[PDB]
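Overview (structure and organization)
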Amino acid sequence: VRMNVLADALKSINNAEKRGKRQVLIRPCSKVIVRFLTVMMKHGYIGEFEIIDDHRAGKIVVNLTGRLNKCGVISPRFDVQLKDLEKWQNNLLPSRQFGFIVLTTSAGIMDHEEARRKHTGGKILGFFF
Amino acid sequence: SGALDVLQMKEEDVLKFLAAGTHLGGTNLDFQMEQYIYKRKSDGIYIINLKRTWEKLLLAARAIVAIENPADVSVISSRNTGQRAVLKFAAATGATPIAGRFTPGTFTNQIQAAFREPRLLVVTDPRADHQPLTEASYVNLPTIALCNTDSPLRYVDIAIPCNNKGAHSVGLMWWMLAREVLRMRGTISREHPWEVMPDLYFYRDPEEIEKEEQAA
Amino acid sequence: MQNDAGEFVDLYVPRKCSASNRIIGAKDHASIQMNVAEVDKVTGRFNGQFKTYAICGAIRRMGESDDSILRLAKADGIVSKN
Amino acid sequence: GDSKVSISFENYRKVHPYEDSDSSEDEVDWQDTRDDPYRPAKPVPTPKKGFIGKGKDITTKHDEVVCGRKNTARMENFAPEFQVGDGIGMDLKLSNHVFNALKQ
Amino acid sequence: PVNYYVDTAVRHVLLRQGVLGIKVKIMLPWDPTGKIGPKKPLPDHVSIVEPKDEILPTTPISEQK
Amino acid sequence: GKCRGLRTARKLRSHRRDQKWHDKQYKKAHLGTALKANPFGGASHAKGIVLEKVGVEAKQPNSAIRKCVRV
Amino acid sequence: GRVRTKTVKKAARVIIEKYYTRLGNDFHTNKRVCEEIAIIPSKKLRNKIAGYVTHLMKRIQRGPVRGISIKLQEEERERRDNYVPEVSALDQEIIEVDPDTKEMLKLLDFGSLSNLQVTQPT
Amino acid sequence: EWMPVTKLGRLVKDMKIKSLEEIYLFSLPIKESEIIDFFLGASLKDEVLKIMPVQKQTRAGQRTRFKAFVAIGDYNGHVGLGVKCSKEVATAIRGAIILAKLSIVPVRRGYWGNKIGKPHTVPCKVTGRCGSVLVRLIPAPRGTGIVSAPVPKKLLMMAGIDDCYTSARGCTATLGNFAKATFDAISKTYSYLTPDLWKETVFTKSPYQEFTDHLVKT
RNA sequence: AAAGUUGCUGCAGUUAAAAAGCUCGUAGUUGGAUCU
RNA sequence: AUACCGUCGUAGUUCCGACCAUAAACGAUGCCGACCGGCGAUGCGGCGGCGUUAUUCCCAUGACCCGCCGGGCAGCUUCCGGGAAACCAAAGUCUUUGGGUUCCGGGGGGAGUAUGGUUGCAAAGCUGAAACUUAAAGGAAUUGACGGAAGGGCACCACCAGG
C-alpha cells in the first residue's frame, strides 16, 4: 500500500517531466509536498502550481518547465548533522555550483544552503537538481 | 491566419472542399489525429474539421514563403494519385519535385547520382512516403504532410488534415496550397480568383485519358 | 560558463527547444529550426519578418512536433483562437 | 575521378595560349637525395644515463615520439603475409600496447 | 593499351642469401601533347562535351551586319 | 528488495553475516578447518625430512617429468 | 551473346540526357552527331553507343524512362501537362452532403449555403 | 586540393563561416572531413587506441583484416573517435582518422570550486553507457590530473579536460565499448542542462538562411 | 585497496548461480491526509 | 542385441479413511503501491443509446449494432525507456543510483553427498558441510569449414545425331 506521499509525488513529477509534459497531476497532496514544491519553486525549477481542494486528500496540478533534471526522495529520512552535510551533498548532487538537497529542520523545510546559513541541521526529505 | 479577415475562409473554398471530399476521411483514426477531427458517423467514417485544415494550409504557406530561394523546397509524391499534381506545384512555385520512386539516400548519401540538400519537405502521404520522412530526420528538414485521419505523424512538422485517398482531394489540396503560397508571395491578388483552374491538377488515370481522347 | 572575473568562457551557448526546453544537441540531427512568415495586417502580404521555432529530435520522433508547432503558433497568434 | 566515360568542360574554357606555363612542372625529386624520408637512420648508441641533453629540452630514453616511431619501424620487419602499408610517409607514433597486440 | 601504358621492368637484386626479382609496372597517364605519357586516349575512356548553353529564342530578330 | 527502514539495523547486520558465510575466501579464513587441514598449519615455511624422491608426470599438453620429493 | 556493356549504356544515357535536342530515330545521323559531341576513340564504339541511342528513343515513344530524367521531354508531354478541360467536375451543379456535415457548416457560421443537397444515411 | 560537394562545405570553403561553433550551434551534419581538417588544422593530434586483427571467414577461407580505434583531439578543444575495418593497418589507421574527424564533438569545460581562471573540469558528474560499459566523470579539484584507466585517460587529455575523477562499471576489457562509453559521456557534457543555460534563446538565422543568395550563384 | 566479486552509501535473482508449490498467520520491519 | 517391435499379465490405475508433502508444482518472472504510449478484439457487471428480431409483440423485457466506465484474460505495434542480447509496456521510472517488505545467489565439481537433529510405518522429506579437485563451467545472439542436403547452370579438351 501507500507509504510516503512525497515519494509518489516526486516520482510522478520526474516521469511526467521526462516525457515532456507541461502539466502534472499529483495525488495525494500533503503539507510536506506543498513545502517541497514551494522550495522547488523559489529556486526557479518548477514554476507555478495549483491545489485542487477536494474535501478528502486534495490534488496538486503542477505547471512544469523543462528546467528540471531530477527530483528524488531520500527514504528513510536519515538524520543529517551539520558536520555531515558535505558528505551528503557530495553524494546526491551533481556539482558544487547547482542542485539542492531539501532537508527539514525545526526552523522549517528548507534547502541545504539555507541550512548552512541558519546553522541548523535536520532530517533529510529529498533532493532536486 | 492570425484572425485576419483577409486570410479567412471563403464560401467558394467551402464548396470546393465539400465537392472534393476532403472532409470525408478514413475509417480508422490515429490518436494524434484526434485534434483535427470532430466525429465519426454511424457509417464509420470520421469527418475532418475543415477550418483546422484551412488554418494548417495557412501555416504551411507561411512556412514555405519564409524560404528565400524557391528551389530549396523539395516537394515529393510517390503514389500515382498525386504524382501529376506535384509536378505543376513546381511549375506553380519553383520547388524541386520528386515524382515516382524516391531513391533511398537522396538526402544523406553525398556521393550519389541524385543527391540534393533541401530546406523543407512537402509530402502527399506519410504512410506511403515513409522513406523521405526518415531521410529528413537524418538531415534536419521541416516537413509538411497531407495527413489523413489514419496517418502516422512521425517526423511531420506541419500536418494538413485532409483526404488524400481520392484523386480530387489530393489535387485540390495541392491546388489551394499552391494558390496560397503564391498569394503570400504576392504574384496574385487575393481579391481576384486564380486563373489556373484546379481541374488541371487532378489525376489523369490513363483509361480516363483515352475516354477523354475519344470525347474530343 | 561565466567565471567570477566576467568573461563568458564557453565555446558556444546552444539553442533550446521551444516545446520542451531541452538542450539542442551538437549531433542532434533531427533538430528543426523553422521560420514561419509574418503577414501584413490589412493586405495579406509577406512582410519579410518571421517567427522561429526549434524542435528537438525526441519530440519529432514521437510525432508530437506538429502539436507543438500548432500550440506555439497559437500562443504566438499565428493561429487564431480555436 | 575514375569513371571511364567522362564529361568535358572544353566549352567553358575561355583562353589558354600557354598550356605549358611553368607552374605545375615542379620537378619533384627526393628519392636518391638525402631528402628521402625512407632512409636508414645510422643509429646512435644509447647514452648510459638514460637520456639525451641537458637543461629543459631533454629527449629521454622513453620518449613517446621516438618510441612510437621505433615501434612502427619495428613493425616494418614483420612477416610478408602481414599487411603494413605506408606508416613512414605519414608520421605514426605507435604505442607499446597497440604494437604489442599486433606483434603478438 | 598495355603496350603503351605500363612500363614492365624486371630486375634481379643479388643479396647474400639469394636473388629477389623486382617487377615495376607504371601505368603512364593519357598526357596528349605532353611527353609524360602517350597522347592516344585509352581505347574505352570517352569524354562528352557539355552543351554550350545557347540563347533560347524570345522574339524573331533580324539584325543586319 | 532490501529492508531499508530506519529501525532496520539488526536485520541488515544479521543478513550481512549470514550471507558473508557464503563467501568462499571469508569462509576459508573463518570456518577454521582450512587452517586445521592446512599442512603448514598457517606457516610461511615448514621444515621436513626427505622420505623419498618422486617423479610426478606432467599434465597432458606439456610433456615432461617433474622432479618432486615426498618429505 | 550480344548484351550491351556498362560503358555503352552509360555513355548513351549521358548522350540522351544532354544534347537531347539534336538527336533522332535514324541511326546514321546518330552515327554522325557523336563525333562533334564526344571525343570517342574507336569507330566500332561510336557505332555501338549510337545504336543503343536509337533503340532507346524507340523506347522513349512508349512513354517515360526509368533511367533518364530531363526537363525537355520533346514537346508533347508539356502540352498534355497543362491540359485544361472546359468545365471542372469540381464546379458541381449540386453537391451531396451529410446532415452531421451540415452541422459542421452550421457551426462554421456558413449556414446559408444553397448548393448542398442533404440525405439521411439510409 | 579541396573544393566541396555540400552547401556547408561551400560555406566553409569561403570566408562566410568563421568558426566550427557555427556548425555545432545549428547541429548541422559534417559530411566532409576537410571541414575539420580546415578549421582546426594541425591542432588535431591523434592516438591509435587499438589495432585488433579480425580474421574474416570468406569463400576464399580466412583473411586477416585490422580494425582501428583512433581518437583525435584538439587539446582544450574538441574530441572524436573513429573505427575502421580494413586490410592493411596504415590504411585502416587513416580511414579511422577520416571517420574520427566526422565524429568530432565539442566538450564543455567548467570549474570544480570557485570559478577562477580558465575552466579545467567537467561541469557536472556525467555518465555514459555503451554496451555494458558505464563511464562516469566527476568534477575534480585543480591539479589532480585524470584518475582513470589508460583508454579514457587518452580520450580525456585529447578532449582537453585537465582534471577529472573517473569511475567505470562493467566489462571494461573490451576497449571498443569503453572508448565509445567515455565518448558518450563527453558528448553528454553539452547534452546537459545547467542553470547557467537558463536564459531564453535568441534565434540567429541559419547559415543556409543567411547566405542563400551566395548559394544560388553556384 | 583493487572487490559495486559481500553491496549502508552501492550487487544480483525470465534465459548465465538464484523467487519458497500455494495461502493464512505471531513477534519483527513498515505504515494515507488532517490542528498557526 | 541383451535396446527395438507385437502377444498376455501382478501391484497399481477407481472409490472410502488415514500417512506421504515432492514435480520442468514454470509466466523458468515474490507480494503491496505510484507514474509512464497507441490500437482493436474477448469475458463479467454497469451506464447511454439510430435502428433489427419474440409470427408487426398491446407496456415493460430477452437476442444483434454503435459507444463510454470499472476490474480481468490475453494479442498486435512503438526510437517510453531498459538490457549482454534474445526480448520486455515492465524485465521501465538504475552511477540523474533511496516507496514498503519477504525469501534467496556468490566461478565450476565434490553435492543437495557424509554426519547430526527433526518429521515419517516405510520409501523418503526439511535443515545440511568439509577434505580434495579445475581454469574455466555457463548465457544470449553472428557467420559457415561441412552436409554423408537439395536444386539448377556450364563445356565436341562432356554427351545426343553422326564424321
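The deposited coordinates derive from cryo-EM, with the record listing a resolution of 3.7 Å.

Right, let's get into the overall build of chain E. Tallying secondary structure elements over chain E gives one helix and three strands in all. In chain E, the order of α-helices and β-strands from amino to carboxyl end is α-β-β-β. Over its C-alpha trace chain E gives a radius of gyration of 26 Å, far above what one expects of a compact globule, namely 11 Å for 65 residues. Along the three orthogonal principal directions, the C-alpha set of chain E runs to about 85 × 20 × 15 Å. Residues counted as buried form 14% of the 65 residues belonging to chain E. In chain E, of all internal contacts separated by at least 6 residues, the share reaching a separation of at least 24 is 18%. When the accessible area of chain E is evaluated, it comes to approximately 6000 Å², of which 63% is carbon and sulfur surface.

With that settled, consider the pairing of strand β6 (residues 143–147) of chain B. Residues and elements named next belong to chain B. Where burial is concerned, most of β6 is hidden: five out of the five residues are buried. Because side chains alternate across β6, one face comprises the buried residues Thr143, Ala145 and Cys147, and the other comprises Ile144 and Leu146, equally buried. Where strand β5 (residues 120–123) and β6 come together, three bridges link them in parallel fashion. For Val122, the partnering residue across the bridge sits in β6 and is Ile144. A crossover links β5 with its parallel partner β6, the connecting element being helix α4 (residues 130–139), and its sense is right-handed. One ladder, built from four bridges, connects β6 with strand β7 (residues 158–161); its direction is parallel. Bridge pairing in β7 places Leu146 opposite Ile160.

Attention shifts here to the packing of aromatic side chains. Scanning the entire structure with this criterion turns up 17 aromatic pairs over all chains. Ring centres of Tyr45(A) and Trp198(H) lie 5.1 Å apart, and the angle between their planes is 85 degrees; this geometry places the pair in the edge-to-face category. Of the two residues, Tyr45(A) sits in the loop between α2 (31–41) and β2 (49–52) while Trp198(H) sits in the loop between α6 (175–188) and α7 (207–210), which places them in two different chains. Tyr45(A) gets classed as buried once you look at its relative accessible area, which sits at 3%.

Okay, the interface of chain B and chain C next. In this assembly, 39 residues from chain B lie in contact with 36 residues from chain C. Note on chain B versus chain C: buried area summed over both sides is about 2900 Å², and carbon and sulfur give 52% of it. With a shortest N-O distance of 2.6 Å, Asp157(B) and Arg60(C) are connected by a salt bridge. Here chain B and chain C share 15 residue pairs in polar contact between them. Broken down by secondary-structure element, the contributors of at least two residues to the side of chain B that touches chain C are α2 (50–65), α4, β7 and α5 (167–185) of chain B.

Residue and element names in this part refer to chain H. When we look at burial in helix α5 (residues 150–159), the residues that qualify are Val151, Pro152, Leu155, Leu156, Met158 and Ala159. All buried residues of α5 fall inside an arc of 165 degrees around its axis, so they share one side. Of the residues trailing α5, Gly160 is marked for its positive phi of about 100 degrees.

Before going further, it helps to examine the side chain of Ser68(C). Residues and elements named next belong to chain C. Note that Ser68 resides in helix α2 (residues 65–75). With relative accessibility at 9%, the residue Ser68 sits in the buried group. Residue contacts for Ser68: discarding those within four places in its chain leaves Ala19 and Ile59.

Near RNA strand J there are 52 residues, and of these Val1(A), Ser75(A), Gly1(F), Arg59(H) and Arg129(H) occur at the shortest range. Of everything in RNA strand J that lies within 4 Å of the protein, sugar and phosphate atoms constitute 74%. In the model, a phosphate oxygen of RNA strand J is placed 2.9 Å from a nitrogen or oxygen of the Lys70(A) side chain. In the environment of RNA strand J, a sugar or linking oxygen lies 3.0 Å from a nitrogen or oxygen atom belonging to the side chain of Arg154(B). Looking at the surface near RNA strand J, the element that brings in the most residues is helix α1 (residues 5–18) of chain A, giving six residues.

The next subject is the pattern of salt bridges. Summed over all chains, the structure comprises 20 salt bridges over all chains. Salt-bridge contacts for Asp13(B) lead to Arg179(B); the nearest nitrogen and oxygen are separated by 2.8 Å. Separated by 166 residues along the polypeptide, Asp13(B) in helix α1 (residues 11–20) and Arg179(B) in helix α5 bring together distant segments of the chain. Judged by its relative accessible area of 3%, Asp13(B) falls in the buried class. The class for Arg179(B) is buried, based on a relative accessible area of 6%. In this structure, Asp72(B) engages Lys7(H) in a salt bridge whose closest nitrogen and oxygen atoms are separated by 3.6 Å. Placement of the pair is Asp72(B) in the loop between α2 and β3 (73–77) and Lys7(H) in helix α1 (residues 7–13), with the two residues belonging to separate chains. Overall, the relative accessible area of 5% leaves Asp72(B) in the buried class. Overall, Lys7(H) belongs to the buried group, its relative accessible area being 17%. One continuous salt-bridge network, built from bridges that share partners, spans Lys41(B), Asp43(B) and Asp98(G).

A word on the sheet that holds β5(B). Residues and elements named next belong to chain B. Here we have five strands laid out as an open sheet, ordered β4-β3-β5-β6-β7, and parallel in their pairing. Each of the sheet's edge strands pairs with one partner strand only, and the pair in question is β4 (96–99) and β7. In this sheet, neighbouring strand axes are inclined to one another by 15 degrees on average, regardless of whether the strands run parallel or antiparallel. Both β3 and β5 contribute to a ladder of four bridges, which runs parallel. Each bridged residue has a counterpart across the sheet, and for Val75 the counterpart in β5 is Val122.

A cluster of basic side chains, namely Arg2(G), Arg4(G), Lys9(G), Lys44(G), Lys48(G), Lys58(G), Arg59(G), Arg62(G) and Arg66(G), defines a positive patch on the protein surface. With respect to the element layout, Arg4(G) can be found in the segment before α1 (6–17).

Quick look at the protein's contact with RNA strand I now. Lining the immediate surroundings of RNA strand I are 18 residues, of which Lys31(A), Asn91(A), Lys2(F), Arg4(F) and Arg16(F) lie closest. Protein-adjacent atoms of RNA strand I, using a 4 Å cutoff, are sugar or phosphate at a proportion of 80%. The backbone of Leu6(F) places a nitrogen or oxygen atom 3.4 Å from a phosphate oxygen of RNA strand I. Considering each element in turn, the surface near RNA strand I owes the most residues, three residues, to helix α1 (residues 9–20) of chain F.

Moving on to the sheet that holds strand β1 (residues 44–58) of chain H. Residues and elements named next belong to chain H. One open sheet accounts for four strands, arranged β1-β2-β3-β4; its pairing is antiparallel. Strands with a single pairing partner mark the edges of an open sheet, and in this sheet they are β1 and β4 (105–106). The pairing of β1 with strand β2 (residues 61–74) spans 14 bridges and is classified as antiparallel. Within the sheet, the bridge partner assigned to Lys50 lies in β2 and is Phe69. The strands touched by helix α4 (residues 89–102) within the sheet are β1, β2 and β3 (78–86), with β3 carrying the most contacts at an inclination of about 140 degrees. Packing against the sheet, α6 makes contact with β1, β2, β3 and β4, and its axis sits at approximately 150 degrees to β3.

Basis of the calculations
- Residues numbered from 1 in each chain as written, not as in the entry; some residues may be left out.
- Chains lettered and ligands numbered in written order.
- Part of a larger assembly, values for the part shown.
- Heavy atoms only, no water.
- Residues with missing side-chain atoms left out of burial classes, pairs and counts.
- Helix = DSSP H or I, 4+ residues; strand = E, 2+ residues; numbered from the N terminus.
- Rg over C-alpha atoms; globule rule 2.2 N^0.38 Å.
- Buried < 20%, exposed > 50% of the residue type's maximum accessible area, 1.4 Å probe, protein only.
- Contact = heavy atoms within 4.5 Å.
- Areas by Shrake-Rupley, 256 points an atom, 1.4 Å probe, with all protein chains shown as cover.
- Pairing = 2+ DSSP bridges.
- Right-handed = clockwise from strand over helix to strand, strands pointing away.
- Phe/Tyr/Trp six-rings, centres within 6.5 Å; stacked < 30°, edge-to-face > 60°.
- Buried area = accessible area lost by both parts, 1.4 Å probe.
- Salt bridge = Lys/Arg side-chain N within 4 Å of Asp/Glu carboxyl O.
- Polar contact = N/O pair within 3.5 Å; in protein donor to acceptor, adjacent residues only side chain to side chain.
- Arc of directions from axis to C-beta.
- Near = heavy atom within 4 Å.
- Axes fitted to C-alpha atoms, helices over the stretch in contact; angles between N-to-C directions.
- Patch = residues over 30% accessible without salt bridge, like charges linked within 9 Å, V, L, I, M, F, W, Y side chains within 5 Å.
- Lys, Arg positive; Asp, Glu negative; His and termini not counted.
- Charge placed at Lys NZ, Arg CZ, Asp CG, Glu CD.

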